[PDB]
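So this first bit is one chain, no partners, the form deposited in one PDB entry, shown in structure tokens.
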């Protein structure tokens, strides 16, 4: 709907006093198309020009298109982004005012252009998405314990030192080793057989402990490095993976090279350690997450290369600082990322562990008590993909009690189209769509056992149908609650990143570990005193805000009045509930008594509000949170004031704060009404 791109203007740039425009090409590559110098302009791309300027007014430039359909559109002047009807021309800056800092962090100097900032914001987007999938991976492993062992690993302690921790007397180190022995002893490692097992008739057997430790250490260090800022040389780790110890290099090699040798594509010898670590990360994820992850990298890195290449035509300085020189190979790392995407496939189960998953399969359905029928249930449950997802990211017995929430299943049955629910109902009881949904919800909640002249194949078809229904309903519900949680994981990742970036700028944000709201308070220029906010709203403060966000009476006021209600302990427990996914681990309890479900936002926040109410039952809470919890226990549905309260640490980025605090803006796929 943006006519500009159709007309062919790809990315408008400011470079000193001049402006450049680019056109799409053979891929996400770019060609520099037009130079503008105040009112003068001249073409650089002489042969096969893509588009031509109609007018060259300093305010805006209208351009017609000779490539493609002859759309004509107007493009705003980058040098006039923040100058107008308020220094008549200046290079624009990001909404966070972080540009001078990010540019001096990644490159050795400021440039007086706005090419470099777009590249850096793509590197920030690379880090943003790994924060989600690294925590989901750690969640998938931690769910098998159904003790912070996973939250703690570092790559400095090779296994030869972790072996020594076997013989320590300190209760911390005995707990650290005992958690490893308990992890190894868990049969649920068969869920990740492509990672934890090796093939050697042939047979697949559990990998040597040194390797399994090197896998846990790698995924844990990646998770820690994504979600937290790392001071010192620990920051460059993902960009200095060449400095990994040989055990981790060899685990990455032998985990990656196996399907490569099956196909022979780049063997583990020449492929980048970054690509190999991304392959390792993908093993813990669902195939949809794998596609989402790996394509996002291909994009980000292709954008990065396109800027690196067009910068050379201008003669701008391309060279990164010595530590970030990782990105100077982004052509190669793009080649390896597409080679990865050529063959990356979801992790298979251990072919022989079917007898182990059997009890999970019957537990998901609540079957306890011929056993031929019981095997017919198990085989088809376990081979499904829904069972893969539910058993990795949920607990079998916990899923069964979740299906008993009538409003939750009656809700998710609304997402299935009417005709498809008729296609599902026809298989179950051989007439309005909502009466189907109601009776089918009862037949999901109160499922007991199969069977609780008709042909044998017909009864087999009925059973297989009701199985695949139940698995699909729970798959959808769990997947959507996970992908909701991922947004707050990105949010707190960005809160932690931007704290460190503001510190380099010079804002006295202080230690954000003690209280997550401190970044918002610092950016608003308010100090809490006697433990509470004291400065009532004054217009004077809004003009002093650091970021371009806020700086308005309405939002500075709504942020301040929500922050006054934002109890620090509640915010920290919300943060931990997000980052560990404890809200959905305890799904059985957090979902009780829910009176209605309006959407996945109202369900996820009901879960969180219930968790926050279950805890803090003894630990005292101040009057406004006591009133929120009373409203929660009165209306049996999520209190909309409470979410806008404990989301206040994100307020320093208003767009995020707003998108997350109210349902109508949360999901781009389900737009809804905004609240004034």
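Numbering follows the first chain given and starts at 1. In this text, rigid core is short for the largest set of C-alphas that superpose within 1.5 Å between two forms.
Participant: Please check residue 422 against the other PDB entries of this protein that were compared: is it missing in at least a third of those that model both its neighbours?
Facilitator: Residue 422: modelled in all of the comparison entries.
Participant: State whether residue 498, though modelled here, is left unmodelled in a third or more of the other entries compared.
Facilitator: No: coordinates for residue 498 present in every compared entry.
Participant: Report, from the record, the number of residues in the deposited sequence between residue 86 and residue 87 that have no coordinates, as none, 1 to 3, 4 to 9, or 10 or more.
Facilitator: The entry leaves 1 to 3 residues without coordinates here.
Participant: Pick one of none, 1 to 3, 4 to 9 or 10 or more for the number of deposited-sequence residues not modelled between residue 200 and residue 201.
Facilitator: Unresolved stretch here: 4 to 9 residues.
A second form of this protein, the form deposited in another entry, is not displayed here; the remarks below concern that form.
Participant: So which one of 245, 557, 104, 461 actually moves, Cα shift of 2 Å or more between the shown form and the other one once the core is superposed?
Facilitator: It is 461.
Participant: Does residue 114 count as moved between the shown form and the other one, where moved means a C-alpha shift of 2 angstroms or more after fitting the rigid core?
Facilitator: No.
Participant: At a 2 Å cut-off on C-alpha positions, does residue 385 qualify as shifted between the shown form and the other one after fitting the rigid core?
Facilitator: Yes, its C-alpha moves 2 Å or more.
Participant: For a quick test of reading the superposition: does residue 315 move by 2 Å or more at the CA between the shown form and the other one, rigid core aligned?
Facilitator: Residue 315 C-alpha, core-superposed: shift of less than 2 Å.
Participant: Say whether the C-alpha atoms of residue 588 and residue 463 sit closer together or farther apart in the other form than in the form shown here, given that their separation changes by 3 Å or more.
Facilitator: Residues converge in the other form, at least 3 Å closer.
Participant: Where do residue 388 and residue 579 end up in the other form, Cα atoms closer or farther than shown, with a change of 3 Å or more?
Facilitator: Farther apart, by at least 3 Å.
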